[PDB]
Amino acid sequence: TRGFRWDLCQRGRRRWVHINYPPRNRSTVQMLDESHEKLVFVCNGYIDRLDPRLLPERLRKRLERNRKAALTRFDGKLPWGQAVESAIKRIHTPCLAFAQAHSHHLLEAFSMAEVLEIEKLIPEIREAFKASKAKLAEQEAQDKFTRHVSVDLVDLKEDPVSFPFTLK
Amino acid sequence: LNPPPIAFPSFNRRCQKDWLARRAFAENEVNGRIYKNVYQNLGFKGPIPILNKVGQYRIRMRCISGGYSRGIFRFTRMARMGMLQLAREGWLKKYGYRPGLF
Amino acid sequence: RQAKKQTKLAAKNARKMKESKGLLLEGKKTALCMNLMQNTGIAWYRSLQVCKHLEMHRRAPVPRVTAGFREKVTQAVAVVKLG
Amino acid sequence: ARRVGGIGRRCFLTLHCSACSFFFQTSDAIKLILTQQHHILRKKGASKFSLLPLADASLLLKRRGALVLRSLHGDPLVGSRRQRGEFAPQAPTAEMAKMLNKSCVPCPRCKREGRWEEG
Amino acid sequence: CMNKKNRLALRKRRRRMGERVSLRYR
Amino acid sequence: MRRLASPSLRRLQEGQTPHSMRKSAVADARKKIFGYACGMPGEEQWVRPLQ
RNA sequence: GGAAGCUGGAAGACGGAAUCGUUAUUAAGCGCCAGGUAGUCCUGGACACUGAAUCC
RNA sequence: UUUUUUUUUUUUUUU
RNA sequence: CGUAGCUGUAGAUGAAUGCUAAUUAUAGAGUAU
């Protein structure tokens, strides 16, 4: 009676920004019903970064040899912050993310500063949609013939054993 | 009282679910070989999650005059009680069944 | 009962005291190959591998100790120990 | 009593050669092709030159070299536990002979082209 | 093949096919 | 060349040998009357019968 | 999950007391596979060889 | 077989 | 087919086989020391 997959017991792709999935003071969702995908909700963000400059001479030599190299070693980072937490800098910043309707899985999050930049670029991004519509007709004719099938031999077939041959 | 009519089994949700996977695998049997051929040519070993729900190994033996999924052979396709009732009703004599020998 | 683990631990430390030599030529059996197995990290397999470079019979009695003989024996052990 | 090959002195692991007189087991076949890689590469005419380091004679005798040879040799004699009775393993020399002859590997005894055979 | 009976059978079987397997322990 | 050895000398210059090309003719006919399988990587899927 | 190389100082020479039963190709040893619809057991099913003694 | 061999035995079959 | 007969080694006071930086095979997936 062992587990099915061992991948669930490992850390996947880094999310850059770490956010606590279980909410405590989240508001009530609104809209996003007909689509039934990628619901919108507000939460609290928490940025974190590492700058390997203040490390000692003992640990800095080994850290750089693993990060700046041909291939990654040990994920290109040290173990849990047992003694490196002093150089760790983190700043609290409110953020938001999206979750699946039925699956209820986290997709990604965006910083508050980046959210405001999207509003200022509305005029620039709106006009970009017109260019895509131009190629819509051109790609329709080329993508329609993307189906390889065997040549049909039957031709509403004859009974050509010997006779008929004068009938042809 | 009245022994069951062995031609028509009773209702069973689990029994019907096993047959459902058989149809799905048959239609997807062609796609299974394509997934193995592409990886073999490229020389890379990778998983095939799509085969989990339509795999051949998902199906297992089951009792036709039953619904239990244990104690079924490939020759009789029946459980312990399924064979006893069938043999005692006088149906295997034509098929060369002599119970005299041990 | 529990004191046996500590009492037997002295035997492991005694091996370190006997170390610092190229190879413990002294042994109990007459065969050189069998005596060579007394060392740590060598068994029936590695014991024969060392003797391959010595160019001698399998059951060859240990010859007289020589300063130049130890260097050849010690060099072969490192090559075999690499795996 | 405990002879190798049984009553009929079976030999399902050796390959004979048409020219000269020399035979070897499949274990040495892997080492021979790897060692003589310079001749094979030049015969035909980076990703292609990936096994260059393995051509070293001393590297094969090290711990790393021992594992590489064992990885390629899958021990075909060993199989599933249900392969009993008529379902017994046969001589795998049929596949080895084809590769050894197509690769055009010289024989250690005499320098010759593809002359190997099953035996 | 968990016990010494069935497990040793595999090694002895390969010895009759033209192979040499160490025997020794187990 | 002479009279009868006309084709033997010409084949020698092209690189023909009395041992290599001898097996090529046997293989050419064998591959025609039998299957084309030669242990290529990816042919193991076509041999397994459908279930 | 099965097997293999290397390495090897895991805990055992205790007890002639006592409890489980065999109607002889019995008992005691050793070797092989058929099914369990990919692999996957020291149990169960099933065949063959050596094969002693006693007052039962 | 005095130019002959160079050797252990199984659980269906010469109908 | 296994203990063979026969015949070399040590007429074993020291033959217990589990533990594991590490590979072999089936499977879509059996991973980390």
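Don't worry about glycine lacking a Cβ; one is built from the backbone with ideal geometry, like all the others, and counts go over all protein chains shown. Each reported figure results from applying straightforward, stated rules to the coordinates on display, with no laboratory input.
Using the crude model of +1 on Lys and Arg Cβ and -1 on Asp and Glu Cβ, and no other charge, please compute the dipole size for the protein assembly as shown relative to its Cα centre, in debye to 20. List each step's numbers first, then the result.
On the way: 114 positive and 44 negative charges, 952 e Å.
Its charge dipole is roughly 4580 debye.
How many Cβ atoms of partner chains, on average, are near each residue of E:5-18 if near means within 10 Å of its Cβ? Kindly include the intermediate steps, with their values, before the conclusion.
Values: counts 0, 1, 0, 0, 0, 4, 0, 1, 4, 7, 5, 10, 12, 12.
Counting Cβ atoms of other protein chains within 10 Å of each residue's Cβ and averaging gives 4.
Which one of B:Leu20, B:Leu42, B:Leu86 has the biggest mean-square fluctuation once chain B is modelled by GNM with Cα springs under 10 Å?
B:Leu42
Could you size up the charge dipole of chain C around its Cα centre, putting +1 on the beta carbon of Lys and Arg and -1 on that of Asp and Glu, and report it in debye to the nearest 20?
Dipole magnitude for chain C comes out near 540 debye.
Which whole-Hz couplings ³J(HN,Hα) result when phi for each residue of segment A:90-97 is put into the Karplus expression 6.51 cos²θ - 1.76 cosθ + 1.60, θ = phi - 60°, listed in order with x for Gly and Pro?
So the Karplus estimates, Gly and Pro as x, are 9, 10, 6, 8, x, 8, 9, 8 Hz.
When only C-alpha pairs under 8 Å and at least 6 residues apart count, what is the relative contact order of segment B:18-102, in percent?
On the way: 51 pairs, mean separation 16.4, N = 85.
That works out to 19 percent.
Once amide H atoms are built 1.01 Å from N in the peptide plane, which residues 5 or more positions from A:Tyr46, or in another chain, come under 5 Å H to H?
HN-HN under 5 Å from A:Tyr46: A:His18, A:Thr93.
Normalised by the number of residues in segment A:25-150, what is the relative contact order in percent for Cα pairs under 8 Å and 6+ residues apart?
Relative contact order, segment A:25-150: 26 percent.
Of the listed peptides B:54-63, F:35-44, A:156-165, what is their order by residue-averaged count of other C-beta atoms within 10 Å, with the highest listed first?
Put in order of decreasing packing, that is B:54-63, F:35-44, A:156-165.
Count, for each residue of D:71-84, the Cβ atoms from other chains sitting within 10 Å of its Cβ, then give me the mean as a whole number.
Partner Cβ neighbours, averaged per residue: 1.
Between helix F:20-33 and chain F, what is the angle of the helix's C-alpha long axis to the longest principal axis, kept within 0 to 90° and rounded to the nearest 10?
Tilt of helix F:20-33: around 40 degrees.
What is the mean number of Cβ atoms from other protein chains located within 10 Å of the Cβ atom of each residue in peptide F:37-47, rounded to a whole number? Spell out each step's value before the answer.
On the way: counts 0, 2, 4, 2, 5, 8, 2, 4, 7, 2, 0.
Across F:37-47, the average partner-chain Cβ count within 10 Å equals 3.
At 15 angstrom or more along the helix axis (alpha-carbon based) and mean Kyte-Doolittle of -1.0 or higher, what helices does chain A contain? Whole DSSP H runs only. Spell out each step's value before the answer.
Values: long enough: A:57-67 (16 Å, -2.66); A:122-143 (32 Å, -0.84).
Span-like helices here: A:122-143.
Give a residue-ordered list of calculated ³J(HN,Hα) values for segment A:150-158 (Karplus: 6.51 cos²θ - 1.76 cosθ + 1.60, θ = phi - 60°; whole Hz; x for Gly, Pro).
With coefficients 6.51, -1.76 and 1.60, one gets 5, 5, 6, 8, 4, 6, 6, 4, 6 Hz.
Which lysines does A:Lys157 reach when only Cα atoms under 30 Å apart count, and residues fewer than 8 places away in its own chain are ignored?
Partners within reach: A:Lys144, A:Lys168.
Helix B:13-42 versus the longest principal axis of chain B: what is the Cα-based angle in degrees, 0 to 90, to the nearest 10?
Once rounded, one gets 30 degrees.
Where does chain B land on the Kirkwood hydrodynamic radius, alpha-carbon pairs, in angstrom?
Taking every pair of different Cα atoms in chain B, averaging 1/r and inverting gives 17.0 Å.
Need one word for the protein assembly as shown: rounded, prolate or oblate. Basis is the Cα gyration tensor (sqrt eigenvalues a ≥ b ≥ c); a/c below 1.5 gives rounded, then a/b vs b/c decides.
Taking the square roots of the gyration eigenvalues as a ≥ b ≥ c, the protein assembly as shown is rounded.
Quick one: Karplus J couplings for segment B:64-74, per residue in order, coefficients 6.51, -1.76, 1.60, θ = phi - 60°, nearest Hz, x for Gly and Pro?
Running phi through 6.51 cos²θ - 1.76 cosθ + 1.60 with θ = phi - 60° gives 5, 8, x, x, 5, 10, 8, x, 10, 9, 7 Hz.
With the cut-off at 1.5 for a/c, could you classify segment C:41-83 from its C-alpha gyration tensor as rounded, prolate or oblate?
oblate
Which of A:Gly12, A:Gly76, A:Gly45 ends up with the largest GNM mean-square fluctuation for chain A, with Cα atoms connected below 10 Å?
Most flexible of the set in this elastic network: A:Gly12.
Going by average Cβ density within 10 Å per residue, which order do the peptides F:17-26, C:69-78 take, highest to lowest?
Values: F:17-26: 10.5, C:69-78: 13.7.
Packing proxy ranking, top to bottom: C:69-78, F:17-26.
Tell me, what is a quarter of the convex hull surface for the C-alpha atoms of segment A:82-168, in nm² with one decimal?
Averaged projected area of segment A:82-168's Cα convex hull equals 17.1 nm².
Using a simple charge model, +1 on the beta-carbon of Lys and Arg, -1 on the beta-carbon of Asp and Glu, nothing else, what dipole does chain B show about its Cα centre, in debye to the nearest 20?
180
Counting other C-beta atoms within 10 Å, which of A:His102, C:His53 has the fewest, and how do the rest follow? Walk me through the numbers on the way to the answer.
Values: A:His102 7, C:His53 14.
Least crowded to most crowded, the residues run A:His102, C:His53.
Give the peptides F:2-8, C:42-48, D:3-9, A:50-56 in descending order of average Cβ contacts within 10 Å, highest first. Intermediate results must be reported in sequence, preceding the final value.
On the way: F:2-8: 8.6, C:42-48: 14.4, D:3-9: 10.6, A:50-56: 12.1.
Descending mean neighbour count gives C:42-48, A:50-56, D:3-9, F:2-8.
What are the residues whose amide H is under 5 Å from the amide H of D:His16, where those residues sit 5 or more places off or on another chain and H is modelled from the backbone?
Amide H neighbours of D:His16: D:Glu117, D:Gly119.
Hey, can you grab everything whose amide H is under 5 Å from the amide H of A:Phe98? Only 5+ residues off in sequence or another chain; H modelled, so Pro and N-termini drop out.
A:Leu107, A:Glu108
Wrap a convex hull around the Cα atoms of chain D, take a quarter of its surface area, and give that in square nanometres. Before the final figure, lay out the partial values.
Numbers: hull surface 41.7 nm².
Taking a quarter of the hull surface, the average projection is 10.4 nm².
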